[PDB]
Every structure is written in structure tokens, then in C-alpha cells.
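Okay, so here's just one chain, in C-alpha cells, the form deposited in one PDB entry.
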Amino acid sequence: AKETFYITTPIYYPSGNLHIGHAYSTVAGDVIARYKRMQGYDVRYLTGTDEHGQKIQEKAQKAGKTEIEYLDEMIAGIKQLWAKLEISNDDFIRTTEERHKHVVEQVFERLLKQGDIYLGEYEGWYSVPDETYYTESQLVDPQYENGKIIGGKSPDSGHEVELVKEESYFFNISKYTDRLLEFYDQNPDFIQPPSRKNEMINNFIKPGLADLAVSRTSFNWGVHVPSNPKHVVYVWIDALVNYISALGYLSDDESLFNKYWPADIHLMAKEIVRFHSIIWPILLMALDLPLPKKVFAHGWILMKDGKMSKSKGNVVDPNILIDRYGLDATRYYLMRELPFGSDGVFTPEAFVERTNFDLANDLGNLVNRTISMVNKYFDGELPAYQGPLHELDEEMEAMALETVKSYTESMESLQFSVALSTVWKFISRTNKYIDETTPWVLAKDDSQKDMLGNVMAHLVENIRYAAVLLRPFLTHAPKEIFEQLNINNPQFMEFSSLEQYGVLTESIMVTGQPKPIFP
């Protein structure tokens, strides 16, 4: 059978609208999923929403809605967005779904029964502004009273923190320290880029791991602990187990779980890598479950001030971009302009340039010039490929194959912007091939009709290569290109058809009414 490949996004918190930062992760995951499907994997791609907690209670109440009314509306918007982006997710996990809650309940109860979790008191320091709790250890201007240790202000804002003490269950994660370090050693590529890992061990594991406060008593919107129902499961166990609950772990049908777990890649931005690289594998060990193969953290989309986030008032709505500039444009920009192991600032200027120059101009004009010439010189009848008949053809055919090879290396290493620039070098060279061969000159000489046909055949085959290579990235352009070229054989749309240049062995009638590929 096809090897399985399981990839996930984080589960986003719908306390406000999603922005291009969220779209970035989901489009990236989509490209990987689509690429892997084309490579012959049995793929499952998951995304979803983290729905519990006090903030959701608050948002719902201020809106005059129940928690579930509020959430249903938010999730409808999110699902619409992924539909609009043509995301190929196989499922969408909501933490309010029973399939999820049941796992949260069972995992918590199991860890209690095992003795990994025990009752105590959480002690933290809350800043209203930052919606963030801090430890005593990380407060700025720490105030003391004997002890103490009695107050201070946030390292982010400088706002005055307030003491929170409440009963909480603790997970003794430090027991697993040695096993976790052994795991890192056995799996050197578990944390990508490698930069992220060395921050993990130094900043967090060395001291190291404090018991993890895994429940709270101070809010009701969440999964209640069956054996102690005044406790609600806090974020750690609730949100993390989505990756296995969605697969029907501990349900009456665990077949997806038995197939796809462990995840091949968990994708995210850097601020949650620690949760996925430390807490998550430790929870899995406590559950005697295999660990994920790779945690991949991409960079941040920034604005002038700086990381894009709702609280900063600096967001760009992916709906607005898609509506104004088109889907291919929006997806192309996200994957080409930034990318993974780098942070990058969004600007509208860079967006329109990136997409006008590369898509409409380079690729769009290439396709339209080619089809126009086939209609003009051959009345629509594209001559079959024969061989490298022009003096430029041998080297260009070589370039086609090298393009595929380089592309593949880049895709395997998740360097999508490099993969894209490599495709564009080939698109650009194909436009140059028109300039160099001067088809119009060949069209004046009846003895050159065979050569003219050859030039046309090379243009179309080059275009076909680009189209196939772009299938993971662009969901509109490739299909449209095949349609206008009237390439119907589904095999000619797949990676295997790029192994030997010159696949088109029959005459084809291209469209007599070519129209712009973009937007």
C-alpha cells in the first residue's frame, strides 16, 4: 500500500478573526499535503480550532451569545476561509466535538490513575493587558515582603500583575526528562529548523521542567474532569490531543489512528514549538504512544510594529486579498515571498509586484503568446513532439530535467520559495526561447514549417512542466493551462510524466479562444 503521510496545522483560537498569519500555516500545510499526494503518499491533512477557556466565555458574553453560538459562527467563518483558499484538509477538528472531549477525559483520567497527575495549587501572576500569566521568576521590578515575592509587573507590557492561586492538577513532566533527551539524540531532525531545539534544551529543559498545571477551577467552559468535575482541563492536554482525537483515538473506530499516527509533520510558528517539542512528546510517553516524526516551525509574518496579531491592531484579512487579487495570487505570495526559516514583513506593494510580475506577466504572457502562435501558424493544431530539432533544444530539455530535480530537492527540504524561484527561472527561460527562436521569421519560410512546429512543441512542453510543478501551489492556474492547451490525459498532469521530456506524441487542437490565466 501507499505509505501514509500525516500532517497537521495548529488548532487556532477563535477569540477573533483569523488573518494572513493563520492562512500562511494552513497554505503551507496544504502545499505539503498536495505535493505528498502527487508523490504517491496516502495523505491525511488536519486543521481545526481550540475552543475552550475563559476568553471564549468572555467573547460570547460580550456578544450576547452562548459559547457555542459564538463559536459556531466563528468556525463557519474559518471553514469558509479554508474553502475560499481551496485547502485540501481531510478533516477539521473542533475541541467542542465529543470525539475530542472523550479523549481529553480519558487521557486525564488515565494519567490520574497512573499517578502522573496529582492535586495541588497553581500559583501564577496575571496581567490583564497581556492575557498572560507569568511565574514569579520572570516578573520585572519584583516586589518583596520578607519572603517575597509578593508582586511585580510584566516583562512584556509593564503592567501590574495580580496574584492568582487556585486548586489545580499537576502533571509531573520532569520524570520524562531523560527519555526526552534520549529521543532528541535518536531523532536529530525532530525539531526544524535546528535553531529551535537548542533554545528548548537551554532555556527550558536544563533548569529544568516544573510540574505542569493541567487543570483549573476558575472557569467552566471546557472539559470537566470526570472524577473531579469542579476541575476543568486547561490548554495543555485539551489542545494538544486534537492530533489524535481527530483520528478517532479511544472511539469505537480507531482505524484512522491506527493508520496515520504518528504524525509525520506538525507545522506551526515559533511561539508554540516548546509546547509541541517538550509537553506533547512527554504526554505521548505517559500514554505509551509513538512520538511525532517532526515539529516544523516556520517564521512570522510581520508588519512595521512587528508580528501580525489581533491585539496589535495590525492584521491583514486573507479574504480581502483573495477578493481583490485572486486565489492563486494570494497563495503564491504567501509561499514565494517569505519564507519558512525567516520572518518577513508584509507590504501591499510587495504583494502586487510579486503577483503582477511573476503570475500575470511572466507565466500568463508565456501561455498566451504560445497559444496565439499555434492558432496563427498552425490553425490551432499543435504538432507532436519529435525531438530536440533546434540548436537550443538539447540544453533547454536538460534545463527542464534539472528544474524538476532542483525543485524536488527544495520541496523535500521545505524550501518552498526556492522551489518557486526555480520554476520561475524555467518559465522566464521559456519566454526567452520565443525571443531567441523568432518564430515569426520561421513562419515566412515554407521549408521551416517542421522547425516552427518543433519550437511550438517545446514551448508547450515547457509550459506543461511548469504547470505540473505548480500543482501543489496554485489550484487554479495549472488546471486552466491544461484546459487551454487541451491536454486531457490525466497522466500528463502528474510528476511521473516529467521523467522524459517530450510526452506529447499526437497532434492537439489547442483552444481557439485563449483567455488570461490570471487572476
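One-based numbering along the sequence shown. Here, rigid core means the biggest group of C-alpha atoms that superpose within 1.5 Å across both forms.
When the two stretches 196-204 and 266-274 are set side by side, the higher mean Cα temperature factor goes to 196-204. Taking the PDB entry as given, 366-374 carries the higher mean Cα B factor of the two stretches 366-374 and 82-90. For the set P290, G77, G344, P318, the PDB entry puts the maximum C-alpha B factor at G344.
The PDB entry gives the largest Cα B-factor of the residues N431, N172, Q106, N146 to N146. The deposited CA B-factor of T475 belongs to the middle third of values across its chain.
Ranked within its chain, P226 lands in the middle third, by CA B factor from the PDB record. Per-chain ranking of the deposited C-alpha B factor places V140 in the highest third.
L247: CA B factor in the lowest third of modelled residues in this chain (values from the PDB entry). In this PDB entry, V455 carries a Cα temperature factor that places it within the middle third of its chain's modelled residues.
The form deposited in another entry exists for this protein as well; it is not shown, and the discussion that follows is about that form.
Looking at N172, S88, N361, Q138 after a core superposition between this form and the one not shown, you find that only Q138 has a C-alpha shift of 2 Å or more.
A movement of the C-alpha atom of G248 falling short of 2 angstroms is seen between this form and the one not shown when the two forms are aligned on their rigid core. After superposition on the rigid core, displacement of the C-alpha of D317 between this form and the one not shown stays below 2 Å.
After superposition on the rigid core, the Cα atom of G152 is displaced by 2 Å or more between this form and the one not shown. Annotation for the pair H52/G313: C-alpha atoms recede from each other in the other form, by 3 Å or more compared with this form. Three angstroms is the minimum change: in the other form, the CA atoms of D156 and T49 sit closer than in this structure, by 3 Å or more.
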